[PDB]
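Notes follow once the structure below has been shown.
Just so it is clear, none of the values below were taken in a lab; they were calculated from the coordinates. Cβ: placed from backbone, ideal geometry, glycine included. Neighbour counts: every protein chain shown.
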There are 2 protein chains.
Amino acid sequence: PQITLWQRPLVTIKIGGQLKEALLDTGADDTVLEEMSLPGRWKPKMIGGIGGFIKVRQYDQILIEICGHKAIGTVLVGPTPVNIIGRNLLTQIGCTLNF
Amino acid sequence: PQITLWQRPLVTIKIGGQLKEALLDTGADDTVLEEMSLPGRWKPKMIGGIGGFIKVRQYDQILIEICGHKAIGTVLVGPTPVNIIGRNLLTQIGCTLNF
Ligand SMILES: N#Cc1cccc(S(=O)(=O)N2C[C@@H](O)[C@@H](Cc3ccccc3)N(Cc3ccc(O)cc3)C(=O)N2Cc2ccc(O)cc2)c1
């Protein structure tokens, strides 16, 4: 679909069989989700945000559906203002910026 | 032009007679740039996300040239680690998300 930016580019995503609202974020290198349960082991990772660096839990090869498009990749879990879909998953769903 | 997301979508903008590199961020409500001087009055604002919050100065009615497109909008100036072009100006250049 084509998404204009007058409002926040929020879409429905599905992970672990659960529907969630998330933000299509082109300025985010990685996908960062609010505290939730994910299977497997996780690795430690640092991501730099507007106010500084934080620790997050990295889960790799996670299945997630973004606005109807299925993807499989790295998902980071930590304190975040909103569920963020970063470039690693936007590329998987073929999302591009246009003007 | 169509911009893919394999890398951060970085463009050159022209503001206040200065050329800067910036990140087109659909996840940012506002345009926030590193410390710089801007004409006119300003009001203090607080913005947050990953890492927390930072205080910035809000300047309204500021002209900016993005990818050759002359847009007018609000610009926040503060200790951000990266120059960010937010939705308030992305809309003015007709930037959309597609997949
Ligand atoms: N909608 C929405 C929304 C609201 C509050 C916070 C948010 S948000 O927290 O994702 N957000 C917008 C993100 O695009 C992103 C912007 C960024 C800041 C510093 C360095 C790199 C990138 N970022 C950090 C980040 C980095 C990597 C990653 O993998 C995920 C996230 C960030 O700090 N934001 C604050 C920010 C708030 C308001 C602005 O005008 C500009 C920036 C989104």
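Tabulated data
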read-out: Other protein chain Cβ atoms within 10 Å, averaged over every residue that makes up B:20-32; value: 4
read-out: Rg/Rh (Cα only; Kirkwood hydrodynamic radius) as it applies to chain A; value: 0.94
read-out: Residue-by-residue Karplus 3J(HN,Hα) for region A:33-49, coefficients 6.51, -1.76, 1.60, Hz, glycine and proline x; value: 10, 5, 2, 7, 8, 10, x, x, 8, 10, 10, x, 7, 10, 10, x, x
read-out: Per the axis that maps chain B onto chain A, nearest residue of B (Cβ criterion) and its distance in Å; value: B:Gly51, 2
read-out: Inter-part distance where region B:76-99 and region B:1-70 are each reduced to a Cα centre, Å; value: 6
read-out: 3J(HN,Hα) from dihedral phi, region A:19-27, Karplus parametrisation 6.51/-1.76/1.60, rounded to Hz, x for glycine, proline; value: 8, 9, 9, 9, 9, 6, 10, 6, x
read-out: Cβ-vector label at 7 Å, A:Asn98, separations to other copies in nm; value: 0.3
read-out: Chain B: relative contact order in percent, alpha carbon pairs under 8 Å with at least 6 residues between; value: 33
read-out: Copy-to-copy label separations for A:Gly17, where each label sits 7 Å from Cα toward Cβ, in nm and ascending; value: 6.4
read-out: Filter on B:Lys20/B:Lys70; A:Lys20/B:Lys55; A:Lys14/B:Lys55 - keep pairs with C-alpha separation over 23 Å; value: A:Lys20/B:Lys55; A:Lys14/B:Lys55
read-out: Amide H within-cut-off set for A:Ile84, under 5 Å, with H built and near neighbours excluded; value: A:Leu23, A:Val32, A:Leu33, A:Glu34
read-out: For chain A, calculated [θ]222 nm from helices alone, where every DSSP H run of n ≥ 4 adds -39500 (n - 2.57); value: -500 deg cm²/dmol
read-out: Candidate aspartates and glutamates for bridging to A:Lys43, where Cα separation is under 20 Å - those fewer than 8 sequence places away on the same chain excluded; value: A:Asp29, A:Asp30, A:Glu34, A:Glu35, A:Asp60
read-out: Sorted largest first, extent of the protein assembly as shown alpha carbons per principal axis (Å); value: 53, 32, 24
read-out: Other-copy label distances relative to A:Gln61, 7 angstrom Cα-Cβ extension, nm; value: 5.8
read-out: GNM result for chain A, Cα springs below 10 Å: residue of A:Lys43, A:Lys70, A:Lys14 fluctuating most strongly; value: A:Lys43
